[PDB]
């Protein structure tokens, strides 16, 4: 059956625009597409998605997420598309995307990320589209070197389809491209 606040069609469950403060319970394990956009979800419970092993699309844009719980996506090995735009993410947990071998689209634009943890994207072998613009990247901090090295190596998949490209990943305050920062200009002491 379909969750109360949600609308279901085939393997799609849309719980969008329902003023939800949390993820609805009783979501069928056969769910391939789960829509939770445009709600008031402020936090995700650890392992809330473990049941949904068939999930290929998870939509969470326009909520109030400040961070994620560790390993929250590790059961979702079939995940293809992940939407996080317009939240308040200030940091990502180490290895949240490590299991997402088939992920082609990762959408992280318009958040509050200062940095990306080392090797966070390394396991994403299928990644076709990643959006990283509109984030206050701390270029004075030395932890940004991973993001720098990664986007300069995979620039073709960064902010494509006229979203600015790799140059639209900009530094906080100076508005300089992140790919252009030097290791000498950064420092471990300027890391919050």
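Positions refer to the first chain, counted from 1.
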Segment of higher mean CA temperature factor, 54-62 or 137-145: 137-145
Stretch exceeding the other in mean C-alpha B-factor - 30-38, 44-52: 44-52
Entry-reported Cα temperature factor of residue 20, expressed as the chain third it lands in: lowest
Entry-reported Cα temperature factor of residue 187, expressed as the chain third it lands in: highest
Lowest, middle or highest third - CA B-factor, residue 169: middle
Relative C-alpha B-factor of residue 89, binned into the chain's lowest, middle or highest third: lowest
Lowest, middle or highest third - CA B-factor, residue 1: highest
